Structures are given as structure tokens and as C-alpha cells.
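Chains as they are written, first to last, in the working numbering: chain H, 1 to 100; chain Z, 1001 to 1380; chain C, 2001 to 2335. Report on the structure given below.
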Ligand SMILES: *[C@@H]1O[C@H](CO)[C@@H](O)[C@H](O)[C@H]1NC(C)=O
Ligand SMILES: *[C@@H]1O[C@H](CO)[C@@H](O)[C@H](O)[C@H]1NC(C)=O
Ligand SMILES: *[C@@H]1O[C@H](CO)[C@@H](O)[C@H](O)[C@H]1NC(C)=O
Ligand SMILES: *[C@@H]1O[C@H](CO)[C@@H](O)[C@H](O)[C@H]1NC(C)=O
Ligand SMILES: [Ca+2]
Ligand SMILES: [Ca+2]
Ligand SMILES: [Ca+2]
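Written as C-alpha cells, this is what we have:
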């Protein structure tokens, strides 16, 4: 037999967004691989949040962040008013198949 | 209304509520239909009955990118009773009553706030003006006025007196020259930076942005397109210019593109044409992203069917607004207080605010009651 | 000569601006490399997209928009206004060629664009676009150290500067590359100091300062050891462009070059190769040194039948689409 065993990951805050116009947070799976953070090739769903505000969700922030299961998280300074971002992080879900 | 007589058209006018709008976060179509562009970063008095302080619709336009001409609408702050009340609709959909979060609907002081669909928020007041605010795909505002206020208002949307040459009348008694020069007289805060006139078309920057914006925004003026039905009524040239400018300048090209197409559709439907099925191969990610158990609808022309409403009526459904599109529960279904979409058989009748389950016979005050199909009946 | 009207992109995301600044910006999408952006009407808009070949930083596509002409160079092909064309393609004011080791696009009175097709890409601009440009190539005002990285009075960093001049595709959201950690390696064996400071570029030291080039050499040495010579070649190009005469720094080991049998690889040979189609073309030329293949002095190039370089007396002639070997004659009814 073979059954899927799946679990969440921990929190990954690999950058601190920079003040200015081009600044922000760019937490990408390729950057995660380069920095040595373990990146699962296959996944089901991922969760992004603000690291300094661990309660209020993303939509309650109202800031322009794009966060997707294929790429990761991106917040650009120039797209928000004031032209800044918060310090975000994210976590992923890894599932393997274990013999029964 | 015009009658064919005397060899001519004898035309009388039915009263028409005026309509201001801010679309694309930059373009403004006033009550006199003087379309003009506004690239500003401040809070601007969108409209105000400048005899008194009865109502004051404010709009906060905020710069959204590298370029000074990259703006998004970010809030709509209806001040009221001379600032005693302030209903602030943000861009995420959050509604703040007197700087306090207030979910929707809400009915108090004759003010009614509700969402006809997931794309729009209706702020209906008894003072005369109605606000209809769009959140999806981005933030746009529409304002309706009972024509009684004709030739009385001030602000960005102009004095509503059927004259396009007086729209730039400032508080100093002269007609201003251009858009930005006029707007920089209506800023809310003296510390804001004055808006600047923009000649450089963002369309000239990227050739791929060029071809994308052209190939999509050209769907407006195509005589075989869904939009053709409104061409013989509304000239689509300003809307095509808006679509071009948005998509070329917008970092999220699809968002601003679909905002422009939605704006054209909504304006035409305000004039009384039901443009339908115009999202062929375009803007379909707004079909799919709907909340679960809901679905898209092109003609949403009433309140949202609710179990509470069918049980005990509702103040919400007594407001007439232009038929907007968006995500709603399908016909024959209702959303319970939980918000999930269930048929009438699964949602309960409500007596005195008590959840009285469907198909349940009960006793109350010497009477026998039943809850059939969500409908409450009592006997004896 | 081409003193301060040049910018370039080479090696590991190394950008050299008009006024001499060098920095590293490891972007991976499109950016406004240069654009006439301080004028009523734009004249040129040159952009690059930088990608990876396995690991080597390369330029994967260049888009030059100029005066209603769109030129997209990528995948070893050139698109002129949306149509592929066979090099060279020439029109009034514009000429694009596979000349030498590169693809060169020259728009007369506008710009000169050299693109080796793998990493390097160099822009020469007219003096008239002083102060009216903006992009990774800088402001072209002549002041290197004060006006490039100061946006709204705030001094910013190469990552910030290279990210401000960004431009996404219509449906693309490219990230921003994160800062690379500290460096290592350095110039241990002194190869960068042995060559760059060597005799080959003696007078080049009098024209172009090598400090940034030394650092870039060390950084590339941290990268693959088959790719350290990009900085050297760029320094040769810059020394040539400032006006100086570089010397042949290459050796059979220092990124050796190969040329056809009669044809030799020279640093700073005359750009106008005398060819017995026009065997005295090099007479009153005005163009600085150019690297590439050449012919030994005395024997001109043979472009009539492509037989290498031939002596002035042994190469063919041409008449009306006919090629005549030496010794041949043809008599018209009148001559
Ligand atoms: C409506 O407005 C009037 C006048 O301000 C006020 O007296 C009344 O309480 C409000 N609400 C209703 C339901 O009439
Ligand atoms: C370039 O184009 C050729 C066909 O012309 C194709 O085979 C090749 O994969 C493309 N890319 C590269 C890197 O050569
Ligand atoms: C160069 O541009 C700056 C930017 O405003 C301007 O202040 C300066 O006068 C210009 N000088 C020249 C010589 O173009
Ligand atoms: C013209 O040229 C041909 C080819 O060399 C030659 O055979 C012929 O004799 C010439 N005519 C003369 C010399 O009158
Ligand atoms: Ca982070
Ligand atoms: Ca007016
Ligand atoms: Ca400068």
C-alpha cells in the first residue's frame, strides 16, 4: 500500500523590505532554493502573512501583495501609499507518499 | 421623451439624476459630462453642495507606481451633517462608520449600506446622493444625484448645471484652464503636492504593452463586438482612450483593462442598455475568483436574496440603483446568516430574531406556526 | 573621441554608465537600458532582458525602439518591425550587420549598438542627448558620482537603481533579485593585476581607471574559471573608446582567439579593413581601434570571392555581376 502523508512547513522570512521606491519584499522559491531554504518541488497550498503583525490577515492589510503557490510572495514599495511594504513571510505545504 | 409630430421631434425631458464618476483612479466624468484626467496624490473634495455642508463626498487618490501619473483610488469618505458622520469605504472593501469597522448591510439615520454583489458597495442616503463604489477589479466610484440639486453643487464633479464650460468654476469666480489646475484648488490638505499635467502617453514605452493594450482595448470600438449596442448612444472614444492609458500605464494591465471595460459597460447600463457576455476570452479570472457557493451574474438589478429578508422583509431592497454586474447567489437560492448559499428549504424562518428551522411546526402564544420553504406562517 | 558617450553591459551583470560608474545589478527581467526621457518627443528606447545560460549571465533579448522602428534582437535572430531579416539589413539612416564578432545596429545621428550575442552589449550615443536620457546607462550629463543614484534627494544603491529602471511584460511579474552575500576568492594569483596593470594597457591607465575593473575581475574569478576574461575585453573596449590604443594582451591561454587561415586576431586594428574592392578605404578613416580579425599590412582583404586576404595584385575584379580572375580581360564593342 501507499498513502499520502502531508504536513505544513515553518515560517520563512529571508529578507527585510527596504525603504524607498524600488524596495520591498521579494520572497521567491528560486531565492529560497539559492539561500539554502528547503523548497519542495511539489506542493498543495501555501500561506503568506506579515511577520510583524501575526494576527490581522493579508486582506485586512489592504496592501498590494501577490502571493501564489507557484511563485511565492512579492510586495513592491512603489505600488502602495505610503510607498512602502511591511515585513512579510510565508510557509509551504509538503506531501510525500509513504508505504502503508 | 420625443414624439414624432409637427414634422419634427417634440422633445420633453424626464428628470434625470446626475452621475459623477471616477474611473481608473485618474479619470473623472463630472455631472456636466466634462471628462478630464487627474493625476493627483491627496484627498480631493469629489462633490459638495457648496451652499451648506449637508454632504461632502471625498476621494483619496494615491500614487501607485514609479511614475507620477500612476494613480489608484484608495478611499471614498462621505462626510455628512457637517462632518458629524463619516462613512469611509476603503479599497479592500472595508467600510468604516465614524472610523469604526462596520460590516454590511447597515441601515441607520436613513443611510443604507449594502453590497448588491461582491464587486460593488451601495451607500444610499436620504440627503439626495447615492454612492456606488466598485472594488473589483480595482477601485472606482460612481455618484448619483436627485436632479433637485441641479446648479447647486461644487467640488471636482462640477456644479451640475448643464453647462460644460462652467465645470472649472473655482471658488474665486473664474473658470480654471485644465484638469490638474482645477483640481489643485480642491485639495483637502494644504500639505499635498499639486497635481501636474501629463502629456507623455505611457503607451509609447513598451511595444509588448502597446500590442497587448491595443489588441484588447480595441474590443470597445469594434462594430461587431458586444459593445456596439451602446455605440449608437454613447461615443466610446473617451472610454477607448481610458482603456489605452490605463493598460499601458497599469502595472496590472489586465486589472486596469477590465476596469475600463467594466466602466464602459456600467456607463452604458446607466444610460439603459444591458450589455452582456462581453468577457469572451478576456477578464475571465474575475468569473472564476468568486466566493464559494456564489456565481457571476451580468444583470444584478436588485438587492441580494437573503433568508432573513424573505422571512421578515428588508429595508435594503427599497433602493433603486443602476444594474451592476458581479458575484451573487443564483436565483432560487439564498444566503443564510452564515453566508453560505442554500436553497429556501435549507434556510430557516426567523421570528423575533429566533432561528426557527425549516419545515418545523411550533407553538407560540396560543398559535401554531410552520416554516415552509423558509416562509413563516402562523394560525390560530 | 567617444569619451563619455558610451555605456555597456558585460559579464556578471556589470553595468558601466556613460559617466564612468560601474556597478553590479543581478536582475533577471527587462529594464530600460536607455531612453530619451527628458524631451518632448522620444528618439530612442533601448531595453535589455538578462537571463541565464545554465549559470552564465547572458542577454536574452534586446528591444531598440527608435523613430518608429522596432528592432528586437534575440535567439540569434533580428526582428525589424516584426519581420525577421537577413543580416545585413540597411535602410536610410539605419544599418544592422553581423559585423565582426557581434551584431551591430547603427542608427545614424542616433546611436550605435554592439551586441556580442551572449553577454556584452555596448551603446554609443550622440552628444546631443546629453542630460536628456535616463536608464541603467545613466544621465549622460557628465557628472559620475553625484546624480545617478539620488532619487528625491535620497542616495540609493545599485540594487535600488537597477530596480527603479524596471519594466514588466504585459502579463509578467518579475521579482527583484536579492543581494548576494559577501565575496571571496579575490585576485589570488594576481592574474587581474598581472594583465590589467600589465604593459598591454599602459596608456589605458592614463584614460580609464581599472579599480572597478579589478574588482569585477575578482568577482568573476569567484564565478567560473572559464569566464574571467569578460572584464579584460571590456577594459580593452573602453580603452579603445576613450581614444587610447590597446595592445594585444591575449596569449594562447588567456581566452585565446581563432581567425581564418590568412586572417589574424588583433586588438586595436583599423576598423576600416582595406579590401581590394576599395583597397584604399583605410586612407582617411575616422574611427577608433576595434578588436577583431584582420589582415597583415600590405595585403588587403578579398571580399569579391572570400579567398582570405590577398596581395593587391592577385585579387579579382568585378563587372556587371561577373567576377574576373586576374589575367582575364573583357572587350566591349567600344573598349
Ligand atoms: C432620517 O432623518 C431624519 C432627519 O434628520 C431623522 O429625524 C430620522 O431619525 C432619520 N431616520 C429615519 C428612519 O427617519
Ligand atoms: C534559437 O533559435 C533556434 C532556431 O532558429 C532554436 O533551435 C534555438 O533553440 C533557439 N535558442 C537558442 C538558445 O539557440
Ligand atoms: C542637466 O540636467 C539638470 C537636471 O535638472 C539641470 O539642472 C542642469 O541645468 C542640466 N545641465 C546641462 C548642462 O544640461
Ligand atoms: C575579346 O576577349 C576575348 C576573351 O579574352 C578574346 O578571346 C578575344 O580575342 C578578344 N577580342 C579581341 C582581342 O579582339
Ligand atoms: Ca521577508
Ligand atoms: Ca456645470
Ligand atoms: Ca550623472
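Even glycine gets a Cβ: it sits at the ideal position worked out from N, Cα and C.
With H, G and I counted as helix, E and B as strand and the rest as coil, what does DSSP make of residue i?
i               : result
residue 1033(Z) : coil
residue 2341(C) : Residue 2341(C) lies beyond the stretch modelled for chain C, which goes from 2001 to 2335, so this question has no answer here.
residue 2060(C) : strand
residue 12(H)   : strand
residue 78(H)   : helix
residue 2318(C) : strand
residue 1122(Z) : strand
residue 2300(C) : strand
residue 2073(C) : strand
residue 1183(Z) : helix
residue 2016(C) : strand
residue 1009(Z) : strand
residue 1248(Z) : helix
residue 46(H)   : coil
residue 2173(C) : coil
residue 1388(Z) : Residue numbering for chain Z in the displayed model covers 1001 to 1380; residue 1388(Z) lies beyond these limits and cannot be assessed.
residue 1210(Z) : helix
Verify the contact flag: residue i, CB atom, against every heavy atom of ligand 5, threshold strictly below 6 angstroms.
i             : result
residue 15(H) : yes
residue 27(H) : yes
Is residue i near ligand 4, with its Cβ less than 6 angstroms from a heavy atom?
i               : result
residue 2335(C) : no
residue 2329(C) : yes
To the nearest angstrom, how far is the alpha carbon of residue i from that of residue j?
i               : j               : result
residue 2332(C) : residue 2319(C) : 11 angstroms
residue 57(H)   : residue 1043(Z) : 27 angstroms
residue 2286(C) : residue 1073(Z) : 57 angstroms
residue 1024(Z) : residue 1060(Z) : 13 angstroms
residue 93(H)   : residue 44(H)   : 6 angstroms
residue 2215(C) : residue 2221(C) : 10 angstroms
residue 1004(Z) : residue 1265(Z) : 30 angstroms
residue 1376(Z) : residue 1290(Z) : 31 angstroms
residue 2111(C) : residue 2128(C) : 11 angstroms
residue 1959(C) : residue 2170(C) : Within the shown structure, residues of chain C are numbered from 2001 to 2335, placing residue 1959(C) beyond reach of any answer.
residue 2132(C) : residue 2044(C) : 11 angstroms
residue 1373(Z) : residue 1306(Z) : 13 angstroms
residue 2315(C) : residue 2261(C) : 17 angstroms
residue 1360(Z) : residue 1370(Z) : 6 angstroms
residue 2051(C) : residue 91(H)   : 28 angstroms
residue 1267(Z) : residue 1076(Z) : 19 angstroms
residue 2149(C) : residue 1041(Z) : 24 angstroms
residue 1363(Z) : residue 1336(Z) : 24 angstroms
residue 1304(Z) : residue 1117(Z) : 7 angstroms
Any heavy atom of ligand 1 closer than 6 angstroms to the CB of residue i?
i               : result
residue 1109(Z) : yes
Say the cut is 6 angstroms; is the CB of residue i nearer than that to a heavy atom of ligand 3?
i               : result
residue 2153(C) : no
residue 2131(C) : yes
residue 2003(C) : no
residue 1197(Z) : no
residue 2141(C) : yes
Mind checking whether the beta-carbon of residue i lies closer than 6 angstroms to any heavy atom of ligand 6?
i               : result
residue 1158(Z) : yes
residue 1163(Z) : yes
I want to check one thing, is the minimum distance from the CB of residue i to the heavy atoms of ligand 2 below 6 angstroms?
i               : result
residue 2076(C) : yes
Does the distance between the C-beta of residue i and the nearest non-hydrogen atom of ligand 7 fall short of 6 angstroms?
i               : result
residue 2019(C) : yes
Mind the definition here: the stretch 22-38 of chain H touches the stretch 69-77 of chain H only if three or more C-beta pairs lie below 8 angstroms; say whether that holds. yes
contact_flag[the stretch 1295-1308 of chain Z, the stretch 1320-1337 of chain Z] where n(CB pairs < 8 angstroms) is 3 or more: yes
Three or more C-beta pairs below 8 angstroms linking the stretch 2035-2049 of chain C and the stretch 2145-2158 of chain C: no
With three or more beta-carbon pairs closer than 8 angstroms as the criterion, would you say the stretch 1133-1142 of chain Z touches the stretch 1020-1040 of chain Z? yes
Taking three-plus beta-carbon pairs below 8 angstroms as touching, is the stretch 1270-1286 of chain Z in contact with the stretch 1049-1059 of chain Z? no
Inspect the CB distances between the stretch 2186-2198 of chain C and the stretch 2060-2071 of chain C and report whether three or more fall short of 8 angstroms. Because the criterion of three Cβ pairs below 8 angstroms is not met, the stretch 2186-2198 of chain C and the stretch 2060-2071 of chain C do not touch.
Can we say the stretch 1033-1052 of chain Z touches the stretch 33-48 of chain H, given the rule of at least three CB pairs closer than 8 angstroms? no
Count the C-beta pairs between the stretch 1343-1353 of chain Z and the stretch 2178-2186 of chain C that are closer than 8 angstroms, then say yes if the count reaches three, no if not. no
With three or more beta-carbon pairs closer than 8 angstroms as the criterion, would you say the stretch 1236-1251 of chain Z touches the stretch 1062-1071 of chain Z? yes
Three Cβ pairs or more, each shorter than 8 angstroms: is that satisfied between the stretch 2161-2175 of chain C and the stretch 2012-2032 of chain C? yes
Do three or more CB pairs link the stretch 2072-2081 of chain C to the stretch 2257-2268 of chain C at distances below 8 angstroms? no
Taking contact to mean 3 or more Cβ pairs, one atom from each stretch, closer than 8 angstroms, check whether the stretch 2276-2286 of chain C and the stretch 2243-2262 of chain C are in contact. The stretch 2276-2286 of chain C is not in contact with the stretch 2243-2262 of chain C.
For the stretch 2228-2248 of chain C against the stretch 2194-2208 of chain C, do three or more pairs of beta-carbon atoms, one drawn from each stretch, fall closer than 8 angstroms, so that the two count as touching? yes
With a floor of 3 residues, list each beta strand (DSSP E) that falls wholly inside the stretch 1106-1162 of chain Z, ordered by position along the chain. 1106-1108, 1111-1117, 1120-1124, 1129-1134, 1140-1145
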